[PDB]
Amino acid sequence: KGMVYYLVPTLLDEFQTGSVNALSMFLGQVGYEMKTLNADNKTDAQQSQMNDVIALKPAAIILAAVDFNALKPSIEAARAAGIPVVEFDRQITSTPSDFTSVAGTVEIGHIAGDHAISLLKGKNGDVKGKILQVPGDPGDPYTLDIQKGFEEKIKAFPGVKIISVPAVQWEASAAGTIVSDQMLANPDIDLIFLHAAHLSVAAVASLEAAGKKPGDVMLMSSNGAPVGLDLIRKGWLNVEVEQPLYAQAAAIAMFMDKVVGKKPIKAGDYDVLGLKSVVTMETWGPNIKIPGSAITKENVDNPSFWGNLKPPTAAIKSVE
């Protein structure tokens, strides 16, 4: 049917390596081969790779941009040369793509927010306290939009103080250092919210080295990686708001025939791996937005949560 290239930004967590495996398999089910190129968090490498792939004229490119600004010209070059470009996970609103498959990021933030509020209230009686937020890389719209959705909720209660410190390049060691430094300066911190679970792995270790045990400082993160689900069962993590990795990948495969053949993608409500998903036509082109979900000890074992690594059995079917 055609070759698809995936320009993955890094392979430095379970969502990234997982996305490779999920895209390859689902694209295999609808008849496409896939090849993966890793930018390892270097914009230069990814732009070199775009051009390399442009020159290889595949049936489509799937991009998850290291930096959402820097790649805008690249995306345009591909489309100039009539190569379909699909944006995965990291939304690029500034220039048209042929398809976009993302989580509801602002909504994940909102969900994070609601729980931060119910937590704190649970601890402090009133909606008050202090939160440390550890967003991801500033070049990444996934964490940028989660930040908006989260702050929107918290700001509504000025009795909650927020301290936010980004983990540059999505690095857990940066998270680690932030948590130790912010904790020493603020022993009153009630909750840390980090925008992906591999960051919470560092937070836990930092909290441990300060003498803390599970539950002492509440913790939440927002991508659903396996390590997060581990930390939930261990009592370290109060909440993990997942993004639906498998659905986001499957959605790309479901629509690949429309994307490769340059056929239109119809707006509406779709089911993707059992998730109600919403396709709209945006200025950056067709866009499917798949909901995230709050996970706690109470539902951490649900097989629909990608962190349990139970991908749906059967197969994807191409949208007609």
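From 1 onward, residues are counted along the sequence shown.
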Practice problem: Read off the CA B-factors in the entry, average them over 244 to 252 and over 71 to 79, and name the higher stretch. | Solution: 71 to 79
Quiz item: On average, are the C-alpha B-factors higher in 136 to 144 or in 206 to 214?
Solution: 206 to 214
Quiz item: Quick one: which of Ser293, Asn51, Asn287, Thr43 has the biggest Cα B-factor according to the entry?
Solution: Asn51
Quiz item: Of the three thirds of its chain by CA temperature factor, lowest, middle or highest, which one includes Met3?
Solution: highest
Exercise. Ordered by C-alpha B-factor within the chain, which third holds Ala172? Give me lowest, middle or highest, please.
Key: middle
Quiz item: Lowest, middle or highest third: where is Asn124 by Cα B-factor in its chain?
Solution: middle
Self-check item: Entry-reported Cα temperature factor of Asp257, expressed as the chain third it lands in
Solution: middle
Quiz item: Going by the entry, which third of its chain does the Cα temperature factor of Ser164 land in?
Solution: middle
